[PDB]
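Structure record follows, encoded as structure tokens.
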Amino acid sequence: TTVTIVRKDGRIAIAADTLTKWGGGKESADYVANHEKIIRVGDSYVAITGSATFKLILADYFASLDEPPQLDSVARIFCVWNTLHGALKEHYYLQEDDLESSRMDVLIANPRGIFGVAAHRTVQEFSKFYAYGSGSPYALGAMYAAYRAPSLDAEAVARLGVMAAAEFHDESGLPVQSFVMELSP
Amino acid sequence: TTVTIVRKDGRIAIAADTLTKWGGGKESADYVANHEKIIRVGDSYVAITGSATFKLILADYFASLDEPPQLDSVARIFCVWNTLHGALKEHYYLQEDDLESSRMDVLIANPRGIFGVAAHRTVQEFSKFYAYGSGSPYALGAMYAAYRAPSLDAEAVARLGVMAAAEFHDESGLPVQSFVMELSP
Amino acid sequence: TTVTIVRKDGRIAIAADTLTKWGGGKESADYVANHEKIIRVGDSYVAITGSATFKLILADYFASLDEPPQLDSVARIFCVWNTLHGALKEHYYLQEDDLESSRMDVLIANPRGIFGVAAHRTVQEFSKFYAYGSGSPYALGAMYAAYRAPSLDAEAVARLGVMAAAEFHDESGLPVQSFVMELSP
Amino acid sequence: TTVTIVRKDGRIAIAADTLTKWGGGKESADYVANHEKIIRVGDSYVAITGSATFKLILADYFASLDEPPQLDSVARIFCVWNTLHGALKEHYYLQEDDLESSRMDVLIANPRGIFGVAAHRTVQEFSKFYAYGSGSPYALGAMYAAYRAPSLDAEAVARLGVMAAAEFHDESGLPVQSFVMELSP
Amino acid sequence: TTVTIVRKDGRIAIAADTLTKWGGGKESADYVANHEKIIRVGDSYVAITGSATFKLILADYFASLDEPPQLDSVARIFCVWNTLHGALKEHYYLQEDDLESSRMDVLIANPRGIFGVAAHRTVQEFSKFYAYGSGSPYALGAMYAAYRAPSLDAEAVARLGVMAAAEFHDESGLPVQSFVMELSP
Amino acid sequence: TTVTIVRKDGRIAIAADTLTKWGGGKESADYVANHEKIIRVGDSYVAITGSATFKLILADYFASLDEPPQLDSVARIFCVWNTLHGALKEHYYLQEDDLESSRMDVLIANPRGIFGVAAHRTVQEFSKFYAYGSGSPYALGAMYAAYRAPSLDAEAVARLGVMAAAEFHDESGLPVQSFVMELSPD
Amino acid sequence: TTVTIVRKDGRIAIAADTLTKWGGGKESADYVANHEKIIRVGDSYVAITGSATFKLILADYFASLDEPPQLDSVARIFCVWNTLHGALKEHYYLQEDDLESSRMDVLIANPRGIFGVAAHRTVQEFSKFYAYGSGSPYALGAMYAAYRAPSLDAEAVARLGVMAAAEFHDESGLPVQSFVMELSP
Amino acid sequence: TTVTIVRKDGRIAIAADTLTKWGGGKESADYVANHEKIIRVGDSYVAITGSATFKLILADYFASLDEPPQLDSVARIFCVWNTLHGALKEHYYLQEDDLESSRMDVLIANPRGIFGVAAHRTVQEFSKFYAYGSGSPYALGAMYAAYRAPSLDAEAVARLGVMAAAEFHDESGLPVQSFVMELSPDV
Amino acid sequence: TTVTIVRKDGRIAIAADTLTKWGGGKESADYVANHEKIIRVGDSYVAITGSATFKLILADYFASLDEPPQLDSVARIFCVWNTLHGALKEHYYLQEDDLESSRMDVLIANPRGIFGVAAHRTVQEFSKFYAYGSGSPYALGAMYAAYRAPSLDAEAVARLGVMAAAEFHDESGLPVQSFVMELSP
Amino acid sequence: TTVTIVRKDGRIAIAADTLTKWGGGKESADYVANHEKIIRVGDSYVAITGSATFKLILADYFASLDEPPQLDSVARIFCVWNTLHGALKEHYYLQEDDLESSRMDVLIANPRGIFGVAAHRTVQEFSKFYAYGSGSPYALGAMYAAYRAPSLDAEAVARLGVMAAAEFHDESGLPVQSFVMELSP
Amino acid sequence: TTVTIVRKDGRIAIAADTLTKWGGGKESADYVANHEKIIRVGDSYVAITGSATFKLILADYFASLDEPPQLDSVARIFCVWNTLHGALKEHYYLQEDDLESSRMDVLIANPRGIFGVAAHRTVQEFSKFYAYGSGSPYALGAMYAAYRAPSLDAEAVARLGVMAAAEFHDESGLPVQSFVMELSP
């Protein structure tokens, strides 16, 4: 998996590759209908790495809440993820470290910022771009190279990061899925 | 075990081999009468890999419910399987990974699509064909070869996948059980 | 232990060796008065492999029930054995795999058919013959060779499989106990 | 420890050595006054192997029951020992296998038959003789040789078994302790 | 991580580097908005090492109390941290040693002293300076060498320790955050 | 793999299955041309179990000796195999137990008797029948039931042994190969 | 890696993928110039699996020999590979099992037939087709499905085997290379 | 395996069961023609426990010697077994303890006495009887009971030892093989 | 470490970072005079990853050889490295895998092309660009995104590769060292 | 520690060394005031081995009982010790074998007999003498030799046993403490 | 095994038990004719613990030397044993610690003194008595108690040592073998 997220010229963009793995087996977007790794939660886009089951768990979990959660500040995202964690263990059968791992790394894009939440509930707000998943290093290199290119908007930089992972790494694959939105004032 | 599933030209088919193993020993359809690995649940056909007990657990479990479940969307199937897993542990004595394993992979065929659930509750809708079990690589290769052949409908492609596995792998054996049905409007 | 079961010409038959092992030590029928490995439950004969305590546990357990179970279908036998596993744990101090093990393989004969239940509660109806225990490989070989000899009825076949095991394996011993009954049409 | 039990010519006999061990330490009857490894439980004698504490546990446990248990059939003894195992865990601090081990093998004599219970509650009725404890192979050897000698009665045979073990094995020691009773009609 | 704390000439200062790590990967203040490792708690500054999630947990935890805690004495800080540790386990999913580790080392600067709390709740009041995190040995050496330079106030000595750590260790990176305040009478 | 050997009424027969395994993968005589597990060594037939490479090693080893070895007495077969084991180690890259394993269980049929050499160089002469390889229990069961049937000669019994194994075990498969010969006047 | 070999209608064909792996890193023919996995040895084609270093080793070794080897019978191939194994260990730094592993599986095409040599020096002549490498189960299934299709010649079958593998497994990737030759009379 | 050795009334006897094991598989004398576990070496009989290969190894070894070994004192037997052990490692592919195991226990009967050599080359002369193999304890107990029965000679006692083991232990089986000889008049 | 190599518009460029690591300690070019990771070998530039000792070893090795090696084809490079490995073991104290590891990955630039040798003597000629060392994922990412930009020659791209690694990974550090040359006809 | 108990000529005696160990450190009676290893319980003396804390525990435990326990028969002692073991775990933080170990061996002298209780609650009545602690072998040796000497009474023998252990074993040290009493009629 | 050595009133004695052990099995001097554990070497007697094989080894070794060794100084005995240890490994197949172990402890009595050599070739001369083997503790204690007795010579004392260990420990057994000699001037 590679997920990327970008902030540039008052535009916020998020992207994901589409390949699932089952061991060394490839399950591409060509063979799986529900191959999207980005789900909608309220007005946030949430890009998920880790087991392919997590996008089904989160969609189900968030949908089961009274209202969709606020994912627009670090404190709020953390607060939601910490509560999400107890549900993973208690309801969705989640299984050395400082803290217990939630086993997934997510990126969160919405009008009010670009964020990440690492497996250990390390919430971060990003200023330019970041990437998660095993393809992250490839994405970061490529986005670093093309971030300041005037010809590329946020979305094109996001997608380019996923493309670089997909070129070099066996856990990412084309096509790329992406979304783009305007930064709120 | 090999189970395959296929969707082609308005037809949905599902196929399983019929060989059960006890260690290195072979328990073929010629010696076991109840050698079918596909069960009926409502209007769905569920093909089951993993221990030969699971088809008895699932048959028992589903026959226990008030109404047959809904197995025609990813969201629905996921919910049914996430409830099934709790029952597996509690009432059926099921025994590292991100999430707990249900220790079986199933394929689901009905008039409203073809689906799969891996052991870790990864629910997937398939667009063409797929296969589970130790034999599935073989099945995948054979169905890739044959999917587009004009003389072969969905059922014949699914049956060929199991044959392929049964030819080269020691956990699959003939005869092949298959079912076919029309895709609904 | 070797236990066998055969269905031929409208006659069901079941058979077992009589030898108990205590480590390398041999505790034969000549020294042990309760050397029988087949018990009666309702109108079924149940031949039991594993620890020699299991025949005592099952007789005790099935006698404690309001009435004997029906062991005449795959579905029914599975219900019975899944409940029995619960009891083995809770009342009889029973102690990796997909499902928890019951530590015993059994064959079941009654007029309505010949069945088996493996340690992981894999219930199976057999069409010709089968065998359980460390001796079964020997028994199946012998019975495969002898099943179609006109001379030999169901009981003679069952018995011969146990003899073969006793000839060549150190956990099986003569004499052979066997029971025969007519196939309920 | 060696204990034997023999039935011959209308006589039943039970015997035990008298040596206790504490590591490589010897604690003979010369130094220990309570060196009896056989106890009385109603009209039954129970010869006990394993930890030297079990004779105390059993005596104390059986004394606490409203009445002495009937120990004169395989089924009855099994009931008793199954309930006993619970108490060993629950009251007397008892600590791989099919079933949990009670950590002792016993022989039981009474006027109605000879029996043994192994650590995993394998209750057995014997036709001639048997032995338990680390000295049993020596004892069985000896009693096999002596059993048919007309000049040796049941008790002579049972004692000779214990003698043989004490001759050759470092966990068995003289004097031999034996009891005899009449076979009921 | 490096955190330093300094007391000199009626002035109290606290510093931290800004670099976060994810494996061998660097997440600098350049890419992470919330790169601050120091938080406010009443009129104390708390500089936190260990998992980057802890600043989120602590901020969240202290915020949830009725009033901010008094963190101006060795006795009071301990009491607070002890209670905090319970919460870490009970609410924030905190997972050999003398006592349970809290998995973080902190420094506390307020107007009424400079303190630290190691991971096993060893509370200490410092009289000159100290440093925590993987970069402290570097910090202590640099601060040792510069404590008594008249040109350098408390905050210059605090920042310099961090700089030294950033120069030589792969878990510390510039910029240096810092705060200064007056000693209370 | 299953190999059977049988001695009955002045006839000697030897039989083997034909299936080779690569993990769980099957490699039947339908796909492999050289699927035979029995080789000829002089006027002996030698049925081999263990790695499919051993029949290549053995053919190669024996062909390289001045003449084909005498394999018609326990003592002679032993000397041959003890010397063979040194060559497995030195020339063909063979890798708890009392003795070193040769990693291979063989049956040897010839006009002068039926023999077997187990992996630990246990040389036996059999008087009726025997089987080696993972399928052998099935083979022993079957041949036990059939050995005394008048209608089945040494070869029929041997083949039936292999059939039984192939019927029930995942490392044996049809077709059966077999050879039969006359017992020498000894 | 996937390599295939096929014999059909008087023609022999051999085929390989071109992708090299470095952990999860992909090194496709698009970045690597020397991406061929098939080499010429005399008038044979040899398709190589295992470490990408093996093709260089064999090229080097065979080029060093006085005459190109004859790879046209099982016995011949066997002598050649047995001697090769000695050179792997001795000059090329080659590093549980019955026999030492040579760590690579090869397929050999020449006009006298199609052959294979597994890691353990298992020389096999094939009659129809075969495949090696981690991709081979898929290739086997594909080639099984297509082998008797009259519209596909030996080359088309061999290539399809590799394409099947590259569709579904992460250690195989296009382009496919192939070679075809005449069977000799 | 069970091997027994007995010295009684001026007579020396030695016995053995005839069953081989391959795992939990039985290879009885009914199916194996060379089921004997006792070999002649000069005028000694050597009964061998452990892997069935050892009887083949030992016959080969002793046949290759210039002259049969004299196996009629403790010091002579030790010397032979110590040399043998070096040959077991060097020529016959033998594989924690004080000393290296030879992996077999043997009993040696000859006119000049009855002896045993355990796996660690512990050579013993026996005064009455003894047994080796997994079936020894059963054989010992049985011979303990029957040694002084007046109707039984040394051979009957040695054989009885084997039969007790076969009765109760899965690694020993009938028939029993045995040999008997005269105690020489110089001992 | 990061080493990159680029082939573009008739020019060949090779580049490396300058940071040495001693555990978590940083030894930057600022503090180390011999911080260069590229050395000459003939007219070839060879960039070296793995232990900082290796450049001293190869310098010493090649300086003692007869005539410099010709590192201008795969076969030749392989020949040279295979023999090098024998010397690393024998004279320079080198210490699962198919082949023994040489423990360093190198890139090789000369006018006749660009090449790489991985730890297991896997010689590849590259057609566009590549990277080795723990930073290479970042570098490959970056260089993928910049390779086709007309404003950036071979050297600019190679350099950008290293910059990317150093931005995000703790084992790579600025400044970048690089060399460019002409492709020979 | 060594503790001994002796019965001779109508007298009972009991003794113990006075040395405590802290690792290889010695804590003699000369430095430790409460160096007694024997306590009073009713009219019984109880000599205690194992951890030096046990005598405090037992003294604390027995004092808290409504009245003193009767320690003058095997059945009664066991009863007492079995209850005690419960308290050790629950109240005094006591932590493979048949039964749980109470981690201490004791000897009990009273007017009505000599007894012991080993760690696993083996209660014994002795007829002459016995010893416990790491020094017991030495003490049983000395007392064996000196028992029948008319110049030594029960106390001299008991004291000589401890002296023998102090002579030769590094966990026993002089002085000896001893008590004597009259055998009751 | 117990061996003892004693020097008292111008006489020197040495003793040993006669029991051999094979596991838990006893081989008493009633069953083994060569049950002696003391051998002659010149005018020394040497008592041997460890495997029963060692007395055969030492006998064979010392008989093979040109002359019996001098064993009447610590310097001389050490020389002899150091050389002996080499012969043990080289000719007699002897198999963590400071020094290699010879795996036996011996006592050596001659007219010029009494000595011992421990497993690690610690040679000692004793002034009164000593003991080796697993029974030595019991023997030392007994000899400490008896050494001064006016009616017991050195031989009586030596034998009493052994007797005490045969009494209490499962690896020593009666009869005792002893020799005696006059201290030489």
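The way I read the labels, and the way they are meant: chains A, B, ... in the order of the structure tokens, residue 1 as the first residue of every chain, and ligand 1 as the first ligand shown, with later ones counted on from there.
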**Prompt:** Could you pull the residues within 12 Å of range 80-84 of chain A, counting only C-alpha atoms, minus those fewer than 5 positions along the same chain, as a PyMOL selection string?
**Reply:** (chain A and resi 54+57-62+64-65+68-75+89-92+94+99-106+108+116-123) or (chain E and resi 53+56-57+60+88+90-94)
**Message:** What are the residues of chain F lining chain G at 12 Å or less? Count only C-alpha atoms, and put the answer as an MDAnalysis selection string.
**Reply:** chainID F and resid 20:36 49:61 63:64 88:95 100:104 119
C-alpha atoms of the current selection, written as a tab-separated table (two decimals), in the first residue's frame:
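Written output follows (again-v5.tsv):
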chain	number	residue	atom	x	y	z
F	20	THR	CA	6.74	-37.62	-7.67
F	21	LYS	CA	6.06	-34.72	-5.27
F	22	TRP	CA	7.30	-31.13	-5.20
F	23	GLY	CA	5.91	-29.75	-1.94
F	24	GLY	CA	2.16	-30.35	-2.25
F	25	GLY	CA	2.57	-30.29	-6.04
F	26	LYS	CA	2.04	-33.54	-7.95
F	27	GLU	CA	4.14	-34.72	-10.89
F	28	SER	CA	2.38	-37.73	-12.40
F	29	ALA	CA	3.64	-40.19	-15.03
F	30	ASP	CA	1.44	-38.20	-17.40
F	31	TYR	CA	3.90	-35.28	-17.10
F	32	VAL	CA	7.23	-36.90	-16.27
F	33	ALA	CA	8.72	-39.27	-18.83
F	34	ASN	CA	11.24	-40.78	-16.39
F	35	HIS	CA	8.68	-41.57	-13.69
F	36	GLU	CA	10.01	-45.05	-12.83
F	49	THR	CA	12.09	-44.25	-1.88
F	50	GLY	CA	13.08	-40.83	-0.58
F	51	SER	CA	14.30	-38.04	-2.88
F	52	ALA	CA	13.56	-38.54	-6.57
F	53	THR	CA	17.25	-37.78	-7.06
F	54	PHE	CA	18.31	-41.11	-5.50
F	55	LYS	CA	17.50	-43.23	-8.56
F	56	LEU	CA	19.82	-40.96	-10.53
F	57	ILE	CA	22.51	-41.22	-7.86
F	58	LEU	CA	22.23	-44.99	-7.63
F	59	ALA	CA	22.16	-45.71	-11.37
F	60	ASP	CA	25.17	-43.43	-11.66
F	61	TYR	CA	27.04	-45.01	-8.75
F	63	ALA	CA	27.24	-47.97	-13.46
F	64	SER	CA	30.58	-46.45	-12.35
F	88	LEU	CA	26.54	-40.58	-1.02
F	89	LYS	CA	28.41	-38.37	1.45
F	90	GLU	CA	31.60	-37.78	-0.56
F	91	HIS	CA	30.35	-37.53	-4.17
F	92	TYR	CA	26.56	-36.85	-4.21
F	93	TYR	CA	26.19	-34.35	-1.38
F	94	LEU	CA	24.10	-36.27	1.12
F	95	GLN	CA	23.52	-34.46	4.44
F	100	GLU	CA	24.00	-42.06	10.02
F	101	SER	CA	21.03	-42.22	7.70
F	102	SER	CA	21.39	-42.97	4.02
F	103	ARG	CA	18.00	-41.18	3.70
F	104	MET	CA	16.51	-43.81	1.47
F	119	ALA	CA	17.79	-45.83	5.70
LSQ fit chain E -> chain I, C-alpha in sequence order, output as a tab-separated table (two decimals) with C-alpha atoms, in the first residue's frame:
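Once everything was written out, this is superposed.tsv:
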chain	number	residue	atom	x	y	z
E	1	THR	CA	23.73	5.49	2.96
E	2	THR	CA	22.29	6.51	-0.38
E	3	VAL	CA	24.07	5.98	-3.65
E	4	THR	CA	22.56	6.88	-7.02
E	5	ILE	CA	23.68	6.38	-10.62
E	6	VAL	CA	22.15	8.00	-13.73
E	7	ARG	CA	22.34	7.78	-17.53
E	8	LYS	CA	20.75	10.53	-19.67
E	9	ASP	CA	21.50	12.31	-22.98
E	10	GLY	CA	24.94	10.79	-23.64
E	11	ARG	CA	26.03	11.56	-20.06
E	12	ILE	CA	26.69	9.29	-17.08
E	13	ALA	CA	26.59	10.42	-13.45
E	14	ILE	CA	27.08	8.86	-10.01
E	15	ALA	CA	26.35	10.27	-6.55
E	16	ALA	CA	26.50	9.41	-2.84
E	17	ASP	CA	25.67	11.16	0.40
E	18	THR	CA	28.53	11.89	2.86
E	19	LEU	CA	27.13	10.85	6.27
E	20	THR	CA	28.70	8.03	8.27
E	21	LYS	CA	26.99	6.41	11.25
E	22	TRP	CA	28.28	4.83	14.45
E	23	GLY	CA	25.18	3.49	16.18
E	24	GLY	CA	22.64	6.30	16.43
E	25	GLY	CA	25.58	8.72	16.28
E	26	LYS	CA	26.23	10.85	13.21
E	27	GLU	CA	29.70	11.46	11.82
E	28	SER	CA	29.14	14.13	9.13
E	29	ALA	CA	31.51	15.38	6.41
E	30	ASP	CA	31.93	18.40	8.67
E	31	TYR	CA	33.85	16.27	11.20
E	32	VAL	CA	35.25	13.52	8.95
E	33	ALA	CA	37.84	14.43	6.31
E	34	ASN	CA	37.56	11.15	4.39
E	35	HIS	CA	33.78	11.30	4.14
E	36	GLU	CA	33.73	10.26	0.48
E	37	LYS	CA	31.76	7.10	-0.24
E	38	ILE	CA	32.86	7.03	-3.90
E	39	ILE	CA	36.28	5.86	-5.13
E	40	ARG	CA	38.06	5.74	-8.49
E	41	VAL	CA	39.03	2.40	-9.98
E	42	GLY	CA	40.68	2.92	-13.35
E	43	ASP	CA	38.12	5.02	-15.26
E	44	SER	CA	35.19	3.59	-13.26
E	45	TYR	CA	33.69	5.36	-10.29
E	46	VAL	CA	32.50	2.90	-7.64
E	47	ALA	CA	29.89	4.03	-5.06
E	48	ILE	CA	29.94	1.79	-2.01
E	49	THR	CA	27.30	1.16	0.68
E	50	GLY	CA	27.53	-0.82	3.90
E	51	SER	CA	30.30	-0.62	6.49
E	52	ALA	CA	32.41	2.51	6.09
E	53	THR	CA	35.51	0.24	6.10
E	54	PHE	CA	34.65	-1.23	2.69
E	55	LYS	CA	35.83	1.77	0.67
E	56	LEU	CA	39.14	1.26	2.45
E	57	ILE	CA	39.17	-2.46	1.73
E	58	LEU	CA	38.26	-2.00	-1.96
E	59	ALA	CA	40.69	0.87	-2.62
E	60	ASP	CA	43.42	-1.20	-0.95
E	61	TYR	CA	42.38	-4.40	-2.80
E	62	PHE	CA	42.17	-2.98	-6.31
E	63	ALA	CA	45.40	-1.04	-5.75
E	64	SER	CA	47.15	-4.37	-5.04
E	65	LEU	CA	46.23	-5.91	-8.43
E	66	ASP	CA	48.59	-5.97	-11.43
E	67	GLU	CA	46.25	-3.80	-13.54
E	68	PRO	CA	42.93	-2.23	-12.65
E	69	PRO	CA	40.04	-4.60	-13.49
E	70	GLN	CA	37.72	-4.17	-16.45
E	71	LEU	CA	34.36	-3.15	-14.98
E	72	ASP	CA	32.57	-2.31	-18.21
E	73	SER	CA	30.43	-5.43	-18.77
E	74	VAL	CA	28.06	-7.60	-16.68
E	75	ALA	CA	30.21	-10.71	-17.20
E	76	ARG	CA	33.51	-9.03	-16.26
E	77	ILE	CA	32.15	-7.24	-13.18
E	78	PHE	CA	30.80	-10.55	-11.80
E	79	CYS	CA	34.10	-12.38	-12.36
E	80	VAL	CA	35.91	-9.53	-10.57
E	81	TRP	CA	33.42	-9.44	-7.69
E	82	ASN	CA	33.47	-13.22	-7.28
E	83	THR	CA	37.29	-13.10	-6.93
E	84	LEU	CA	36.94	-10.05	-4.65
E	85	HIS	CA	34.65	-12.01	-2.34
E	86	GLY	CA	37.35	-14.61	-1.76
E	87	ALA	CA	39.74	-11.86	-0.73
E	88	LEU	CA	37.20	-10.26	1.63
E	89	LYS	CA	37.08	-13.59	3.47
E	90	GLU	CA	40.73	-14.54	3.13
E	91	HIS	CA	42.43	-11.18	3.78
E	92	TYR	CA	39.96	-8.61	5.11
E	93	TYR	CA	38.08	-10.74	7.69
E	94	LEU	CA	34.63	-10.74	6.12
E	95	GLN	CA	32.19	-12.93	8.04
E	96	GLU	CA	20.39	-18.24	5.88
E	97	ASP	CA	20.83	-17.07	2.23
E	98	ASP	CA	21.10	-18.61	-1.27
E	99	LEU	CA	24.73	-17.49	-1.55
E	100	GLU	CA	27.25	-15.87	0.80
E	101	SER	CA	26.73	-12.11	1.15
E	102	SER	CA	29.54	-9.65	0.47
E	103	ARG	CA	27.72	-7.22	2.81
E	104	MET	CA	27.82	-4.28	0.40
E	105	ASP	CA	25.81	-2.98	-2.51
E	106	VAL	CA	27.66	-0.90	-5.11
E	107	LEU	CA	27.09	1.14	-8.23
E	108	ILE	CA	29.67	1.39	-10.98
E	109	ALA	CA	29.78	4.31	-13.42
E	110	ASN	CA	32.16	4.37	-16.32
E	111	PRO	CA	31.99	5.74	-19.87
E	112	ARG	CA	30.79	2.33	-21.19
E	113	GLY	CA	27.66	1.88	-18.98
E	114	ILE	CA	25.99	2.24	-15.59
E	115	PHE	CA	25.99	-0.93	-13.45
E	116	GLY	CA	25.31	-2.26	-9.95
E	117	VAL	CA	26.40	-5.19	-7.79
E	118	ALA	CA	24.12	-6.22	-4.94
E	119	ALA	CA	25.49	-8.01	-1.85
E	120	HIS	CA	24.98	-11.52	-3.28
E	121	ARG	CA	26.96	-10.56	-6.45
E	122	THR	CA	23.81	-9.91	-8.52
E	123	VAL	CA	25.36	-7.83	-11.31
E	124	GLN	CA	23.05	-5.55	-13.27
E	125	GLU	CA	23.31	-3.07	-16.11
E	126	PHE	CA	20.89	-0.18	-15.65
E	127	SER	CA	19.29	1.66	-18.60
E	128	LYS	CA	18.10	4.86	-16.84
E	129	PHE	CA	18.94	5.10	-13.14
E	130	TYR	CA	19.14	3.16	-9.90
E	131	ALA	CA	19.93	3.56	-6.23
E	132	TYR	CA	21.48	1.45	-3.47
E	133	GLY	CA	21.82	1.75	0.33
E	134	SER	CA	19.10	2.35	2.94
E	135	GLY	CA	18.07	5.59	1.20
E	136	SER	CA	17.39	4.18	-2.30
E	137	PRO	CA	13.57	3.97	-2.13
E	138	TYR	CA	13.58	7.72	-1.54
E	139	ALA	CA	16.18	8.25	-4.26
E	140	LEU	CA	14.29	6.17	-6.84
E	141	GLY	CA	11.03	8.06	-6.27
E	142	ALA	CA	12.69	11.46	-6.52
E	143	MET	CA	14.69	10.34	-9.59
E	144	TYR	CA	11.61	8.76	-11.16
E	145	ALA	CA	9.85	12.12	-10.78
E	146	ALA	CA	12.77	14.07	-12.24
E	147	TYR	CA	14.39	11.80	-14.87
E	148	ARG	CA	12.49	13.41	-17.77
E	149	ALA	CA	12.83	17.11	-16.82
E	150	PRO	CA	14.77	18.71	-19.71
E	151	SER	CA	16.48	21.27	-17.45
E	152	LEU	CA	18.05	18.55	-15.29
E	153	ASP	CA	21.06	16.70	-16.68
E	154	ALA	CA	22.24	13.29	-15.43
E	155	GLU	CA	24.24	14.68	-12.52
E	156	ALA	CA	21.37	16.93	-11.35
E	157	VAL	CA	19.12	13.87	-11.31
E	158	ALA	CA	21.79	11.82	-9.49
E	159	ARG	CA	22.34	14.49	-6.81
E	160	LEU	CA	18.59	15.03	-6.39
E	161	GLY	CA	18.01	11.38	-5.47
E	162	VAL	CA	20.57	11.62	-2.70
E	163	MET	CA	19.07	14.93	-1.48
E	164	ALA	CA	15.64	13.27	-1.23
E	165	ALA	CA	17.16	10.49	0.82
E	166	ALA	CA	18.92	13.00	3.10
E	167	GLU	CA	15.69	14.89	3.64
E	168	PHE	CA	13.83	11.87	5.07
E	169	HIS	CA	16.23	9.14	6.23
E	170	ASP	CA	18.46	9.12	9.31
E	171	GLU	CA	21.35	7.25	7.58
E	172	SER	CA	21.85	9.82	4.79
E	173	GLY	CA	23.13	13.38	5.20
E	174	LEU	CA	24.24	16.25	2.98
E	175	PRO	CA	26.50	17.22	1.29
E	176	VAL	CA	26.10	15.20	-1.88
E	177	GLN	CA	29.26	14.11	-3.68
E	178	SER	CA	28.83	13.43	-7.40
E	179	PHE	CA	30.72	12.84	-10.65
E	180	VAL	CA	29.76	13.12	-14.31
E	181	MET	CA	31.27	11.81	-17.55
E	182	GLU	CA	30.46	11.35	-21.23
E	183	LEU	CA	29.10	8.13	-22.72
E	184	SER	CA	31.62	6.37	-25.00
E	185	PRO	CA	30.74	5.38	-28.63
**Request:** Take CA of residue 109 in chain H and CA of residue 167 in chain H and report the distance between them in Å, one decimal.
**Result:** 24.5 Å
**Request:** May I ask for the distance between CA of residue 44 in chain H and CA of residue 27 in chain H, given in Å to one decimal place?
**Result:**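 Between CA of residue 44 in chain H and CA of residue 27 in chain H the gap is 26.7 Å.
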**Fill in**
Expressed in Å, the length from CA of residue 11 in chain F to CA of residue 21 in chain H is 27.1 Å
**Request:** Could you pull out the residues in range 36-104 of chain I that DSSP calls strand (DSSP E or B) from the backbone, as a ChimeraX atom specification?
**Result:** /I:38-41,44-48,99
File of the preceding selection, C-alpha atoms, as a CSV table (one decimal), in the first residue's frame:
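The result, stored in result_0.csv:
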chain,number,residue,atom,x,y,z
I,38,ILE,CA,32.9,7.0,-4.1
I,39,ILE,CA,36.4,5.8,-5.1
I,40,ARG,CA,38.1,5.3,-8.5
I,41,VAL,CA,38.7,1.8,-9.9
I,44,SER,CA,35.3,3.6,-13.2
I,45,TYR,CA,33.7,5.4,-10.3
I,46,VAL,CA,32.4,2.9,-7.6
I,47,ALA,CA,30.0,4.1,-5.0
I,48,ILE,CA,29.9,2.0,-1.9
I,99,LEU,CA,24.8,-17.3,-1.8
